[PDB]
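A.B. asks: Residue numbers (the authors' numbering), protein chains in the order written: chain A, 2 to 525; chain A', 2 to 525; chain A'', 2 to 525. A prime marks a further copy of an entry chain.
Idealized CB from N, CA, C, for every residue including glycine.
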Amino acid sequence: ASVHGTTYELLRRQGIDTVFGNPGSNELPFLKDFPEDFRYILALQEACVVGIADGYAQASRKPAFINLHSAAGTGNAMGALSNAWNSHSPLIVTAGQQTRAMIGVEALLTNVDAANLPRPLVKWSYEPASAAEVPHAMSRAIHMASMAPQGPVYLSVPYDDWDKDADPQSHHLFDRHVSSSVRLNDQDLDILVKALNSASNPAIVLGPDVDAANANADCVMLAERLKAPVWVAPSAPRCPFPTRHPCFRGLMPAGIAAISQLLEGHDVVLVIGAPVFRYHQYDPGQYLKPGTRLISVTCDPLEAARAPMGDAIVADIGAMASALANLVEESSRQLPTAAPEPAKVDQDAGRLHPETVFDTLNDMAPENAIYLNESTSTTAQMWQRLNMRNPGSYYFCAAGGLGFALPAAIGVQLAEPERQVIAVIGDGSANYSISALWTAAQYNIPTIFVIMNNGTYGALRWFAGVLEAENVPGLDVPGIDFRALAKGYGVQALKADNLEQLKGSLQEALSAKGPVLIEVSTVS
Amino acid sequence: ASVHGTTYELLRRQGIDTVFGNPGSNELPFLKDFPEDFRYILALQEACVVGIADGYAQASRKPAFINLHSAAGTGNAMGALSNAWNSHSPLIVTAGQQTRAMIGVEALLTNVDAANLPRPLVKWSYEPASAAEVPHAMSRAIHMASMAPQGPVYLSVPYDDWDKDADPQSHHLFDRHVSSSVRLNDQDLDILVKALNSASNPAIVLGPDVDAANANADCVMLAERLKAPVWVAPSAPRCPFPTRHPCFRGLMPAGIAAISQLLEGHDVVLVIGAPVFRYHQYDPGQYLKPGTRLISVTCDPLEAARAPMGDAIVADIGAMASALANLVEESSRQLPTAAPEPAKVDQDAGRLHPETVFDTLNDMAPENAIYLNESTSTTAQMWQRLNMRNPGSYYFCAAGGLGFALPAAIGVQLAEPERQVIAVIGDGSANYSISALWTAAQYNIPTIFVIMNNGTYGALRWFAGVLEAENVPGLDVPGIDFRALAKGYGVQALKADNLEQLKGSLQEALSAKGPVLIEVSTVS
Amino acid sequence: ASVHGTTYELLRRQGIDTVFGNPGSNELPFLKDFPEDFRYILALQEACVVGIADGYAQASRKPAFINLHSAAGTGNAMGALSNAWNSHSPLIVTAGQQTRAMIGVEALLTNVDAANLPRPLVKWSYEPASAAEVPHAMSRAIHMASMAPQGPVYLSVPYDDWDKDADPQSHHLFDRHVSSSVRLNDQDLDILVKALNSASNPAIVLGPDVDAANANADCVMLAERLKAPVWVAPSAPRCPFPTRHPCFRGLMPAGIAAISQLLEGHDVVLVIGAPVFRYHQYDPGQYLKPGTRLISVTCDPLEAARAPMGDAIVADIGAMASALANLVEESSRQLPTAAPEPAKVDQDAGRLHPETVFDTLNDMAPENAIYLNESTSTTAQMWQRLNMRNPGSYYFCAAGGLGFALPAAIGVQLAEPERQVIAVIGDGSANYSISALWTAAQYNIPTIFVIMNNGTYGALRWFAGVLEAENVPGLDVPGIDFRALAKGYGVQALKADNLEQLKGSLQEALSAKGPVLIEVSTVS
Ligand SMILES: Cc1ncc(C[n+]2csc(CCOP(=O)(O)OP(=O)(O)O)c2C)c(N)n1
Ligand SMILES: Cc1ncc(C[n+]2csc(CCOP(=O)(O)OP(=O)(O)O)c2C)c(N)n1
Ligand SMILES: Cc1ncc(C[n+]2csc(CCOP(=O)(O)OP(=O)(O)O)c2C)c(N)n1
Ligand SMILES: [Ca+2]
Ligand SMILES: [Ca+2]
Ligand SMILES: [Ca+2]
Ligand SMILES: [Ca+2]
Ligand SMILES: [Ca+2]
Ligand SMILES: [Ca+2]
Ligand SMILES: [Ca+2]
Ligand SMILES: [Ca+2]
Ligand SMILES: [Ca+2]
Ligand SMILES: [Mg+2]
Ligand SMILES: [Mg+2]
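1. Near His281 (chain A), which residues of its chain fall below 6 Å by C-beta distance, leaving aside the five closest residues on each side in sequence?
2. Considering only their Cβ atoms, is the gap separating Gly97 (chain A') from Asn27 (chain A') smaller than 8 Å?
3. Examine the Cβ distances between the stretch 446-463 of chain A' and the stretch 423-436 of chain A' and report whether three or more of them are shorter than 8 Å.
4. Under the three-state reduction of DSSP, which class applies to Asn68 (chain A'): helix, strand or coil?
5. Give the interface partners of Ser512 (chain A'') over in chain A, defined as CB-CB distance under 8 Å, in chain order.
6. Anything in the stretch 134-167 of chain A'' with a Cβ closer than 7 Å to a Cβ of chain A? List those residues in chain order, please.
7. Could you check what DSSP says for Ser512 (chain A') in three-state terms: helix, strand or coil?
8. Does the beta carbon of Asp347 (chain A') fall short of 7 Å from some heavy atom of ligand 7?
9. Give a yes or no on contact between the stretch 128-142 of chain A' and the stretch 299-309 of chain A'', applying the rule of three or more CB pairs nearer than 8 Å.
10. Can you tell me where the alpha helix (DSSP H) with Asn327 (chain A'') in it begins and where it stops?
11. Can you tell which of A:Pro136, A:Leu156, A:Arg184, A:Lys165 has its C-alpha closest to the C-alpha of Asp176 (chain A)?
12. Could you tell me the distance, in whole angstroms, from the CA atom of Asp38 (chain A') to the CA atom of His267 (chain A)?
13. Alpha carbon to alpha carbon, what distance is there between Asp187 (chain A') and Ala214 (chain A')?
14. For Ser71 (chain A'), count the other beta carbons within 10 Å of its own beta carbon; 16 or more makes it buried, fewer makes it exposed. Which is it?
15. Taking just the CA atoms, how far does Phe397 (chain A'') sit from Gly286 (chain A)?
16. Report yes or no: do three or more beta-carbon pairs, one from the stretch 395-410 of chain A' and one from the stretch 229-246 of chain A', lie closer than 8 Å?
17. Cβ closer than 9 Å: which chain A'' residues qualify as neighbours of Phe397 (chain A')?
18. Please classify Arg40 (chain A'): is it buried, with 16 or more other beta-carbons within 10 angstroms of its beta-carbon, or exposed?
19. With three or more C-beta pairs closer than 8 Å as the rule, is the stretch 77-92 of chain A' touching the stretch 41-59 of chain A'?
20. Does any C-beta atom of chain A'' lie closer than 8 Å to the C-beta of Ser71 (chain A)?
21. Nearer than 7 Å: is that true of the beta carbon of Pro203 (chain A') relative to any heavy atom of ligand 2?
22. Taking the alpha-carbon positions, what's the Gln348 (chain A'') to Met253 (chain A'') distance?
23. Can you give me the Cβ contacts of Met310 (chain A') inside the same chain, cut-off strictly under 6 Å, excluding the 5 residues immediately before and after it?
24. When you compare only the Cα positions, how much space is there between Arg101 (chain A') and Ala465 (chain A'')?
25. Please state the DSSP three-state secondary structure of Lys290 (chain A'').
26. Relative to the C-alpha of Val113 (chain A''), which candidate in A':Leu174, A':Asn84, A':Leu92 has its C-alpha closest?
27. So which residues of chain A does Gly105 (chain A'') contact, with C-beta pairs closer than 8 Å?
28. In its own chain, which residues sit with a C-beta less than 8 Å from the C-beta of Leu503 (chain A''), not counting the 5 before and 5 after it?
29. Could I get the ranges of all uninterrupted beta strand (DSSP E) runs contained in the stretch 330-398 of chain A', with 3 residues as the minimum, in chain order?
30. Going by DSSP, which residues form a beta bridge with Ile205 (chain A'')?
31. Run through DSSP, which three-state label would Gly76 (chain A) get?
32. Taking 7 Å as the line, does the beta carbon of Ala410 (chain A') fall inside it for any heavy atom of ligand 8?
33. What does residue 527 (chain A) touch in chain A'' if you count any residue whose Cβ is under 8 Å from its own?
34. In chain A', which residues lie less than 9 Å from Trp439 (chain A'') when you measure between Cβ atoms?
35. For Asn374 (chain A''), decide whether its Cβ has a neighbour in chain A', counting only Cβ atoms nearer than 8 Å.
36. With a CB to CB cut of under 8 Å and the five nearest residues on each side skipped, what residues in its chain are close to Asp317 (chain A'')?
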């Protein structure tokens, strides 16, 4: 067998059947004789390739396989890798290298010092020392991406390796099963359970690894048993809990003082599947108020190590959430009361308040819709106004890096064909990965893109006001016609200049069989 | 509180009370006002510092704290870090940096790009961005070293940081408990147990992480229940099993073909706490013969990912070994028969055969002795001839890097004052870290050093013969007087030119109250 | 031709005929069939290997070739590389790697992520992607080490590559000549010369790259023409000027305020072949006083970039010094007056003051002696008391990293067999690379080692006093018998407890035909 044949068998045997890519010359020998049972999803720029793959992996809860061109292609994707690192996305990033005979002279297309290029944004990065090692290196990549804490990995392959003979002993790679589905030993788990049962006013904080693990339902049972309020950890990349469940308390503000105040009076705070904490704004104060003990369950040693407070347990979130949900006592305390309905913001017949947009989406979208957020000034309102009952219903750039949501919404839609995906994206954010739209058109992936157009980088204008910063350049982005951009990449385009048009446009988008972009005129 | 005071409180609160070090100017502000409840162990070169700390950590089964001088001191220790990485040794390596005001100009003693210096031999490497971050960075270092898979970490601290005010919120660091004591979820554990119970001819292979976890006794119960032979995984850094237990089958040869042949006929091979496998010699062939399934339990994702065959589970070795030992059925098969006694090699009244040395050590040493091996051509015979009943009884440079055993034997002896440590070290190996002897003298740490002196790099001569390599320079090391070197560093010195003198010397060494070096004239 | 044959031809053709090494298994296939016209110099630990090679390269003013064993051997040498980086030493560091077929599984002796190991202490670091690339990679290593600014490089080679067929086109590598012998263009050079000619009170500061370039005599002519005082830049690794020339003003103190004060009143300060500046102690103040302009000529962009003041020119020091010396006008100012003779410190019949030692060395040593300094508390006195008329007469660990001088003195002596080398080394420093003594004995390299024994890390005690630091552990090193250590490695040993014995011992050492160590009892 060739290295090419053995590697594709490995991938198939390990459950991979889709390649997200932008091709180049170093990759043609890998991509040739492309197996009939595999799918290739082309995107026009590598941030888009990786974004699409990322959404696909996150939604599918399985690794996604990527093929990029050498250093320039990998480099174009590195902002996308920043997000993937923070979301623990299992991405197998492969890139082609020059033929081994031309690496030394640094011929054009040579990826110099290749394994260092994507660092520090990958779990593992490697270029094999021989062609026969490639299948083994690919196996390592698959498992490194897939083991807890999941994350992106990188493999560079000289293009002449593919046609070489594989090692017959590579067959032992095909069916390897590697598990990290582990939980705290029984003795120490019993101690934890007793601490939760004995708490007088527990609280629960959930992060993205709960949704990644599909531990949402177990966390609901845990919160109902403990009669505890539930918050989503700050800067949330995913939604880990039904947002109209009586226990839900919403998104935590991303500040030290604000979180310790929220937790005041709670004697035990159990954090699951989140860093402690992904703060953002400067908000100095106490990490915890006196009287609060924090206990973190994380899939990631790096999270456990950097938490400035609390005990931690490093384990699989699915295994731990299931165990905890089934072991804790049913408290006789009263179940928390559901959050009140959000207020309706006054809306005239002119430009749309973002609150209006979210309320209308929540009114019209199916109950199993999936939302993506890259409307950076409106996140708090979005979290308050969308009823997200199901797992896998929300994604936000986990490193704050713009250019995620537009391609990721395509990948999510590919992963979940029966769930309408709706990406809510600011006019600023929409540009970073605008060319991703083409992939939705070409493959007829019926994502809905809602562009919130207020002509400015609104979150930056706001922060400049907080800083009392004057004379800041580059905050406005006037003069972008998003309907024309949609037409440019073959996506049906609609406008909404007022509420009546928003409703009409959303009705048309929801029934459409292809992707749709709606340009919404929002308040400045 | 100062950064100095807060950091030492953190260390004390986290169980650290000993600093292994070689001082320098960037470190004086850390070392001043040294707490009265801490111990400083000086060594004369940094390979020795780290070696001593490594032995201490491995034997104590807890982190060891190190302080080195900037780049040159760290660099002198990097061979020692190569071994520590492979043995999963929890070492907290700190190094002082220039004052922040002098870093830019690269004043003498500036550690340039400091965090990159020890890579790739550390789990985590960091220089804090401010003085008030130092306690938090130290906390990260402690936990990163201590979480599974354990390993060395590195922290560089500008010397002016120590006197600065600490953040009062650093108090939340002091009592953090971080656990990775996890095991496979119940459903999948039951599947594994059923596979072991249903095996017709199981075998067990154990590596160093069993001894590190003190899982030895649980593995004995597991092997007795399964009626299975037990091997030690190749290139063994530690001894995970009683070497005269009826199930013990010794050290596996470090070759692909040799191991698959040994495992032939065994339908299930359970590997615990080892890489799959730390091969050494070129010995191409099948990774496994038809009919053998391999299952690996490892504490290290990197091990699980690179295994070329078998299923893997990433979990704590102590937790998994205890669970497996208590869940498997008692097989009705006959218990394996103990290995026969080793042959007595003919010995005249002249230079000593290594077999003779090991037999005599085994005859005279206490049953709870601890051995270290850095006699590279005699390892197989050592493993056959020493009855090691207890955990923590054997150490060998885990990366094959010479210069470990002499300092590590001092650290092991410090960790286990009631257990006589005996380091068996070749004349070649003894030089790498010879100055470590001084620490044993100064602190009166009564390690016994047995120098196997045959005048040559014997393992290299042997391999040159295997390669049929002629005209290889640098293989002989004549003209070293080890008694004179011992006197140089204040260690009592004895000679053994024949068996009678070996017995006499060992009797004197075993009764001595200080360290002793015995120079043994072994066969060329 | 094999890769082995082609590589050794390349080395020979490029002027390399000596391998400094400590062997291992990954290196035997390189070292076998060792050419009859090459020399192998064995040392017992890799800090010693590299130190010896470094001294050889610095003194010979040509690259030195090193062969180390994989990661552990390379790691043991990294403190030595810290010094080599700072001294711009052209060192070609090669290390053997596992056979390509065993790299993936990380067999014992695999150097993982090899090219990252010695970073950031090398100019270039690389592992070739195929066997046929090895000669080309070796060529790159040779030239990268040798081009200005010179420095260490690293090459890792899988051991199976050596026996493979080489590319016949590798013959184009053999006779490549690569020059960096460049100087400032004529127009800008004329501007510089006019600035020097028009200065009313110029000063000159010289660093180690002057001695490396053998630009010493040109700098003498330059200083005589400009009638300018000459200082050696701080933390001096080499001596760039005759120390009894009337213009010489000695070693600059390594402090910001102290240097700007020394330069006050000098309208133009020309720095050649030094960083601006290798400060050490904290001595805040002005980089330059008003009225002083600084101009730096450096071979190193990194030096030019980080200088906090002055203009800079990046060029070859030899070419620039020769051009400047021959272009500047002869000033009619009076030649500076020679520094006065140093004072004779009172000396009783007891332990030796370091001043006494240096005065006696200067009285008895040949005029073409070469000195090395690793007596860290006595450097200022050494620089005042030794008349060093010739180039290549002084070496001091360029990064301050101890363990340089003892092995480097052996390498210097090998490079300069007609020049008596005298290494003056503190009792603390002597231990770091003590095993290097064996190489001097085995090869009969007649270096003289003068051990200044005061029982303590005196420079650290002094600095602790400056800091007013109490309770600093680890500052004393009692109980080392250096005569016994010398005997241990086969080096003739002498003692000097008083001045009469010092003179007697030095007379015997100077006439000896082998290496000699003198243990001198110096004042505490
Ligand atoms: C790749 C990248 N570049 C720059 C930023 C900085 N960024 C933070 S929010 C913001 C404005 C985004 O504007 P828009 O999408 O229109 O949303 P709005 O803030 O107006 O709601 C920008 C540019 C970023 N996070 N990522
Ligand atoms: C730091 C380091 N340098 C070099 C080697 C290569 N090495 C492998 S075994 C060997 C010989 C050791 O000789 P000795 O300790 O006398 O034992 P013997 O082989 O004679 O039993 C050497 C140098 C190594 N493993 N580590
Ligand atoms: C590898 C290394 N480790 C530690 C130091 C810190 N160091 C600075 S000077 C000094 C003392 C050296 O003592 P000695 O050689 O006896 O000379 P003295 O200071 O007594 O003159 C030490 C350990 C260093 N520079 N390099
Ligand atoms: Ca509504
Ligand atoms: Ca799907
Ligand atoms: Ca906007
Ligand atoms: Ca016996
Ligand atoms: Ca103990
Ligand atoms: Ca030997
Ligand atoms: Ca005199
Ligand atoms: Ca010469
Ligand atoms: Ca001293
Ligand atoms: Mg990078
Ligand atoms: Mg490094």
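C.D. replies: Concretely, from the data shown:
1. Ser236, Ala255
2. yes
3. yes
4. strand
5. Within chain A, no residue comes near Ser512 (chain A''); the closest Cβ sits about 53 Å away, beyond 8 Å.
6. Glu134, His137, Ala138, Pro159
7. helix
8. no
9. no
10. 318-328
11. A:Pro136
12. 37 Å
13. 21 Å
14. buried
15. 50 Å
16. yes
17. Those within 9 Å of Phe397 (chain A') in chain A'' number zero; the least Cβ separation is about 11 Å.
18. exposed
19. yes
20. no
21. no
22. 27 Å
23. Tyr288, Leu289, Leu295
24. 19 Å
25. coil
26. A':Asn84
27. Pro129, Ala130, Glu134, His137, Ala138, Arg141
28. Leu353, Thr357, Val358, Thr361, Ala497, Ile519, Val521
29. 371-375, 395-397
30. A'':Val231, A'':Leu271
31. helix
32. no
33. Residue 527 (chain A) cannot be examined here, being either before or after the span of chain A that is shown, 2 to 525.
34. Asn432, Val478, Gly480, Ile481
35. no
36. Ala149, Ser181, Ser182, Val183, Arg184, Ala214, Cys300
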